[PDB]
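Counting from 1, position 490 in the sequence shown corresponds to residue 538 in my numbering; the numbering is continuous, with no gaps. We treat Cβ as the ideally placed atom computed from N, Cα and C, and that holds for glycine.
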Amino acid sequence: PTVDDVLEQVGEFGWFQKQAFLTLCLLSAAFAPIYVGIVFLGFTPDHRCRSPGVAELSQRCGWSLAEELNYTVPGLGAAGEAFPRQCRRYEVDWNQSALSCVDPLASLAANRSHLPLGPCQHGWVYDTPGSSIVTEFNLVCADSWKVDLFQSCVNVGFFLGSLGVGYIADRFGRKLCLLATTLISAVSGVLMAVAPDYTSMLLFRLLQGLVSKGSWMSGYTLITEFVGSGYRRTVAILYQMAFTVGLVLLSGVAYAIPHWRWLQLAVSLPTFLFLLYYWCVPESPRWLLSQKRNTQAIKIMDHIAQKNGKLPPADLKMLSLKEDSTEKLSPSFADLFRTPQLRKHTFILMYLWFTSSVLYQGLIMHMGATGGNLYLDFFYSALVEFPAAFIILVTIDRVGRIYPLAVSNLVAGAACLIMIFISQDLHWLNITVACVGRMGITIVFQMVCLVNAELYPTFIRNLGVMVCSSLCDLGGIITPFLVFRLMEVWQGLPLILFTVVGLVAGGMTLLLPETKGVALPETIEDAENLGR
Ligand SMILES: COc1ccc(CCN(C)CCC[C@@](C#N)(c2ccc(OC)c(OC)c2)C(C)C)cc1OC
Ligand SMILES: *[C@@H]1O[C@H](CO)[C@@H](O[C@@H]2O[C@H](CO)[C@@H](O)[C@H](O)[C@H]2NC(C)=O)[C@H](O)[C@H]1NC(C)=O
């Protein structure tokens, strides 16, 4: 009367599992807006210093947008690539000075650079018709650093949330966390759009970052626990695919409405619908059974059999763990580093997370010049992930879960290496090589997530995956400074480091035990002898 066999009897993947998976995938997309970052709220368009006198002249004679930028604005390329043109204003009186359209300012100085440069007051004039956060608070020239501060604060919030949000989810249940966390995320999201100043917006976004990953991973571990042992692959890969579909829909809607506040409100409000559909999914049977609440576990098992339509087994009355467990099974950070096998697995997984994040950031940084349309580039980037899900879904149960991950990490490393050594000049080959590298990186990410979830015990699974994921955020935060610093030492130093890191990660992946078709553990002592 173990949880595995009885679950198979009612059905590993039945209508109940299908409905629960669909309801959770509805939640998967809601994490795309929070994780994408500030790419759609903080895009910086072209900008010049507003001038009152230009408005009067704009109507007197025929004008064009390109023409106006040319001989009304200070020229670029002097004392910087575009520092003068971006946020410097000559301040020469353009009003009550009828110098003709042909020679508006040429006559006065007979030279452009030598002209007088005044302050860039009167705010700014931006190109895009829509409004972003940069346009809202004029975070353009003097406060340009504030965007980096916002991004870094959001990232450190992510890191803290990874470190801490796991314990509450693990100790107090997975449904309670998925409810409170998503509720806080929703109530902050709609609140950010009504944020008056720069501080409040940043605070609400920091809170949402603290809570979002906790919500997403609670849902992931809930669905993984619900699905049978054989079908973990399908559920996990489809959850990731649902996240990608949410990302694509985000790109589409972001193109639909540019205004950042309306975007945030439209993205946040639908989360209340999912909060309304919390009624469907009950607590994971495994967590309840481990916590010694067998009555509710059997009550739930009766329901799944009912919804499945297959008669429940008569043996449920004696449902329990394989061996008589202790009264208390509380999760704690202390228990995560006691068993040498568990400690080794945790270290390997943390290093794999860090390597994946660093390699991803390096690959995206070393990409080619950005396209004219940001939205199309983002859509293509999201689309490249679907082939990864197609590939991973067909090989996990036929070749295992260790060799694919090792080969994917090594493939991303070799992609970086070929980018470095072989000619990196603009060619059709380079874009395809970058796409292959991106596919390898996303395969690494998804495989690491799945194996890390499947490796830890049921009563500490969420905490372990959280702690191991925190290193991904740490690497994402730290890598830009590392790449900037190393570039000074030598021209191509960063890519050698990327290649060696990838090779070492691929090598270390081999130590991790295989998990092809093995029931996920429920006791730490059981997880210690998993390999044996
Ligand atoms: C610049 O825009 C982008 C921003 C981010 C990305 C992300 C690339 N990958 C989809 C990352 C996969 C990592 C991800 C998975 N799977 C993940 C899973 C578990 C994690 O730990 C619990 C985790 O850590 C943050 C990330 C998702 C949920 C974010 C692509 C982008 O291109 C579309
Ligand atoms: C950019 O602005 C300069 C203004 O100095 C333009 O140079 C003028 O070009 C016209 C012909 O298009 C000549 O008749 C003028 O004599 C030029 N000015 C001077 C001071 O020699 C230049 O053409 C502009 N370029 C664009 C693409 O708008």
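Fill in: Residues of its chain near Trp335, where Cβ-Cβ distance is below 8 Å and the 5 sequence neighbours each way are ignored
Within the sequence shown, residue 335 is the residue found at index 287, counting from 1. Once the five neighbours on either side are set aside, the close Cβ partners of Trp335 are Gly221, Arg222, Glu273, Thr506, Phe507.
Worksheet entry | Exposure of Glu331, with buried meaning 16 or more beta-carbon neighbours within 10 Å | Taking the first residue of the sequence shown as position 1, residue 331 is located at position 283. Result: buried.
Worksheet entry | Cα-Cα separation, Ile440 to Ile285 | Position 392 of the sequence shown, counted from the first residue, corresponds to residue 440. Position 237 of the sequence shown, counted from the first residue, corresponds to residue 285. The alpha-carbon atoms of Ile440 and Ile285 are separated by roughly 8 Å.
Worksheet item: Measuring CA to CA, which of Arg136, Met495, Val447, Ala157 is closest to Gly166?
Response: Mapped onto the sequence shown, residue 166 falls at position 118. It is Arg136 whose Cα lies nearest to the Cα of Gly166.
Fill in: As assigned by DSSP and simplified to three states, the class of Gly540
Translated into positions along the sequence shown, residue 540 becomes position 492. Three-state result, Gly540: coil.
Discussion item. So if DSSP puts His95 in a beta bridge, which residue, or which two residues, is it bridged to?
Written reply: Within the sequence shown, residue 95 is the residue found at index 47, counting from 1. Answer is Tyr174.
Fill in: Cα-Cα separation between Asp245 and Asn186, rounded to whole angstroms
Locating residue 245 in the sequence shown gives position 197, counting from the first residue. Locating residue 186 in the sequence shown gives position 138, counting from the first residue. Straight-line Cα distance between these residues: approximately 12 Å.
Worksheet item: Is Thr563 buried or exposed, if buried means 16 or more other CB atoms sit within 10 Å of its CB?
Response: As a first step, residue 563 must be located in the sequence shown, where it is residue number 515. It counts as buried.
Item to complete: Express the C-alpha separation of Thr403 and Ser299 in angstroms, rounding to a whole number.
Response: Your numbering for residue 299 matches position 251 in the sequence shown. Your numbering for residue 403 matches position 355 in the sequence shown. About 28 Å.
Worksheet entry | Same chain only: Cβ atoms within 7 Å of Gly276, ignoring 5 sequence neighbours per side | As a working note, residue 276 is residue 228 in the sequence shown. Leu55, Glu56, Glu60, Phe61, listed in sequence order.
Worksheet item: The alpha helix (DSSP H) spanning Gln344 covers which residue range?
Response: On the sequence shown, position 296 is the one that residue 344 refers to. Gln344 -> alpha helix (DSSP H) spans 342-356.
Item to complete: Quick one: grab the DSSP three-state call for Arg133.
Response: On the sequence shown, residue 133 is found 85 positions in, with the first residue counted as 1. Correct three-state label for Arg133: helix.
Fill in: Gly555 - partner residues in DSSP beta bridges
Taking the first residue of the sequence shown as 1, we reach residue 555 at position 507. DSSP, once it has assigned bridges, lists no residue as partnering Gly555.
Discussion item. Quick check for students: name the residue ranges of the alpha helix (DSSP H) that lie wholly in the segment 440-519, counting only runs of 4 or more.
Written reply: 451-469, 476-503
Item to complete: Tell me whether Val513 counts as near ligand 1, meaning its Cβ is closer than 7 Å to at least one heavy atom of that ligand.
Response: Position 465 of the sequence shown, counting from 1, holds the residue named residue 513. Yes, the Cβ of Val513 comes within 7 Å of a heavy atom of ligand 1.
Worksheet entry | Residues that DSSP places opposite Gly166 in a beta bridge | Locating residue 166 in the sequence shown gives position 118, counting from the first residue. Answer is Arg137.
Worksheet item: Say the cut is 7 Å; is the CB of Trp264 nearer than that to a heavy atom of ligand 3?
Response: With respect to ligand 3, the structure shown offers nothing to examine, as its ligands consist of ligand 1 and ligand 2.
Worksheet item: alpha helix (DSSP H) containing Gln339: first to last residue?
Response: As a position in the sequence shown, residue 339 is number 291, starting the count at 1. From DSSP, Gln339 is part of no alpha helix (DSSP H); its letter is neither H nor E.
Worksheet item: Is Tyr408 helix, strand or coil when you go by DSSP?
Response: For the purposes of this step, residue 408 is identified with residue 360 of the sequence shown, where counting begins at 1. In this structure, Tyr408 counts as helix in the three-state DSSP scheme.
Discussion item. Here's the rule I'm using: 16 or more other beta-carbon atoms within 10 Å means buried, otherwise exposed. How should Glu104 be labelled?
Written reply: For the purposes of this step, residue 104 is identified with residue 56 of the sequence shown, where counting begins at 1. Result: exposed.
Worksheet item: Are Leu364 and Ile346 close, meaning C-beta to C-beta below 8 Å?
Response: Translated into the one-based positions of the sequence shown, residue 364 becomes position 316. Translated into the one-based positions of the sequence shown, residue 346 becomes position 298. In contact: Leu364 and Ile346 (Cβ atoms closer than 8 Å).
Worksheet item: For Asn203, does the three-state DSSP call read helix, strand or coil?
Response: As a first step, residue 203 must be located in the sequence shown, where it is residue number 155. In this structure, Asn203 counts as helix in the three-state DSSP scheme.
Fill in: Same chain, Cβ closer than 6 Å to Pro93, five either side skipped, listed in chain order
In the sequence shown, the residue the question calls residue 93 occupies position 45. Only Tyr174, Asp175, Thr176 meet the Cβ criterion.
Practice prompt. Determine the extent of the alpha helix (DSSP H) in which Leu231 is found, giving its start and end residues.
Written response: The residue you call residue 231 lines up with position 183 of the sequence shown. 222-240 is the extent of the alpha helix (DSSP H) around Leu231.
Worksheet entry | Close-in-space but distant-in-sequence residues of the same chain around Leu231 (CB under 8 Å, 5 per side omitted) | Taking the sequence shown and counting its residues from 1, the one referred to as residue 231 is at position 183. The answer, listed in chain order, is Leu323.
Worksheet item: Where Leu250 and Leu239 are concerned, what is the direct C-alpha to C-alpha distance, given to the nearest angstrom?
Response: Numbered from 1 along the sequence shown, position 202 holds the residue referred to as residue 250. Numbered from 1 along the sequence shown, position 191 holds the residue referred to as residue 239. Rounded to the nearest angstrom, the two C-alpha atoms are 11 Å apart.
Fill in: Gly257 - containing alpha helix (DSSP H), residue span
Stepping through the sequence shown from its first residue, residue 257 is reached at position 209. It spans 246-274 - the alpha helix (DSSP H) in which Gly257 sits, taken as one unbroken run.
Practice prompt. Would you check if the distance between the CB atom of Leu578 and the CB atom of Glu502 is smaller than 8 Å?
Written response: Locating residue 578 in the sequence shown gives position 530, counting from the first residue. Locating residue 502 in the sequence shown gives position 454, counting from the first residue. Contact flag unset, no.
Worksheet item: What is the DSSP secondary structure of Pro528, reduced to helix, strand or coil?
Response: Taking the sequence shown and counting its residues from 1, the one referred to as residue 528 is at position 480. Three-state result, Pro528: helix.
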